[PDB]
Structure formats: C-alpha cells, structure tokens
C-alpha cells in the first residue's frame, strides 16, 4: 500500500500556507504507519513527479482560490474533480500540479484514489501567519485527511495516546 499526504502552498502568503500547516499538524500530532508518506511540496511542480507516482491514495491539502465561496469554507474534491480544479489561471502552482497529474496519466501511474482537502482563504497578502478564520479550519481539515486515510484502511493514532 503506498500513500502520500502532500501539503502544498506558500507560507509567505498568509492563508496560502493552509496546505503546509495542515500536513505539519498531522505529522506533529499523529502516529502513522511507515507506508504513509507526508511531504511538504511547497510551490513545486514537475520536481514532485517521482514522489506522486504509483500511489494507492494521494491526498493533497491546499488553499482553494478559484471559487466564489466565503473565506473559511472547506471543500473536499475527489478523483477527476482535482485536475479540473487545478486547471485554472489564478494559481500558477496549481496549474503546474495539473501538468504533473497529466504526465502521470500518460505513463499509467496516476493515483488509484485522489482526494483534495481545500480551504478558501481570507487573505493572500505577503505575510507569515494565517488569518484567524483560516486558522480555525486546521482541525476540521485535519479530521478530513484522517477520514480519507481511514477510507484506505489506515488508522492514525494521536500521540497523546502514547
């Protein structure tokens, strides 16, 4: 079983750090089996190709910036909806991710399952630090990545039960 939990985004842009902070909280609070890899991919594109390939379940956390919903809204997209979502002209790093997914489809190594847990940002200003409204969404987003993990048969153990 190969599973990757990919946090993507930019810590320097306020709420565009949400993906990276989600995956940092996971790693810090839960004990997971060795076949679950956790990676901070930042704003990288094609350099992630090898990490993303041959995954039974690929879970991505990121800020959703191409939808008109209220700041702080959480959206879960699965399978064919994630490439579609990433094919936009608002976020260049998402378009690079859409190119990586295409390359993987071309070589027959597209993830068997794909889940995106996304949160719509409040502010994208140059600054290190989430807004209060997005910061309150770390826990609920974290529960969603746990649920997606549990759906592939992995149970995460809180470190507090250790």
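Numbering follows the first chain given and starts at 1.
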Averaging the C-alpha temperature factors as deposited, the higher value of 43 to 51 versus 56 to 64 falls on 43 to 51
For the C-alpha atoms alone, is the average B factor greater in 102 to 110 or in 131 to 139, going by the entry? 102 to 110
Lowest, middle or highest third: which one holds residue 117 when the chain's residues are ordered by CA B-factor from the entry? lowest
Within this chain, which third does the Cα B-factor at residue 97 fall in: lowest, middle or highest? middle
Would you please rank residue 70 by its C-alpha temperature factor against the other modelled residues of its chain and give the third it falls in: lowest, middle or highest? highest
Residue 82, C-alpha B-factor rank within chain (lowest, middle or highest third): middle
Third of the chain, ranked by Cα B-factor, where residue 1 sits: highest
